[PDB]
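Quick heads-up: it's one chain on its own, the form solved without the partner chain, in structure tokens.
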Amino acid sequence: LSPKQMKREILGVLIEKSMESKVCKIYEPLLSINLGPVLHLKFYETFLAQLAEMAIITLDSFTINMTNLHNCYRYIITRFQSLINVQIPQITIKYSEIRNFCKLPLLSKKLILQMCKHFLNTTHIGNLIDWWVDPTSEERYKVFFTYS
């Protein structure tokens, strides 16, 4: 598990916790990851602060508020569900689009791509069977879809 790979792990858990409820206890992601020490506290705390610095979550003494995370991931679901049902081969998206639509200017490219990959890795709906994400421009990425 590289540090990037671990960050994506935490992010994935947060994404799923946020679809269940917009707040959870700060230790819960740490708890579940250390059962599926695998994850040291200092690393976890640091990554949380970085997501808070991008305003996609906010941290309290005992809770993670994931409102923006839930909202932004809902946009991605809605956007990508809508692409699968038209069965588009490929699409090109500006990082600025997710940022503007969600009103989250500080979202990084890395975070945006990891949320999109989390959705495609997790979606069941549609005749989708393969996908690929290609970060092309500094302002754009492309997604390729496969239908059966």
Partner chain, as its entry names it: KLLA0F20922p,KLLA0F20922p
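Numbering follows the first chain given and starts at 1.
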Select one of none, 1 to 3, 4 to 9, or 10 or more to describe the deposited residues without coordinates separating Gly36 and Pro37. 10 or more
Assert higher mean C-alpha B factor (8 to 16 or 132 to 140, deposited values) equals 132 to 140
Would you mind comparing 39 to 47 and 61 to 69 for me and telling me which has the higher average C-alpha temperature factor in the entry? 39 to 47
Tell me which of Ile26, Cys116, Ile84, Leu104 tops the list for C-alpha B factor in the record. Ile84
Where does the C-alpha B-factor of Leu31 rank in its chain, lowest, middle or highest third? highest
Using the B-factors in the PDB entry, rank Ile88's C-alpha atom against the chain and give the third, lowest, middle or highest. highest
Taking the chain's C-alpha temperature factors as the reference, tell me which third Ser108 falls into: lowest, middle or highest. lowest
Within this chain, which third does the Cα B-factor at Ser96 fall in: lowest, middle or highest? middle
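Keep in mind that the form solved in complex with the partner chain is missing from the display, and what follows is about it.
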Just to be sure I understand the contacts: of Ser32, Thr58, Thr122, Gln50, which is the one whose heavy atoms reach within 4.5 angstroms of the partner chain in the entry with it bound? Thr58
Heavy atom to heavy atom, is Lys110 within 4.5 Å of the partner chain in the entry with it bound? no
Is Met115 close to the partner chain in the entry with it bound, meaning a heavy atom pair under 4.5 Å apart or at it? no
Does any heavy atom of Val13 come within 4.5 Å of a heavy atom of the partner chain in the entry with it bound? no
Considering non-hydrogen atoms and a 4.5 Å limit, does the partner chain approach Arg79 in the entry with it bound? yes
Pick out the residues of 15 to 35 whose heavy atoms come within 4.5 Å of the partner chain in the entry with it bound. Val23, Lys25, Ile26, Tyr27
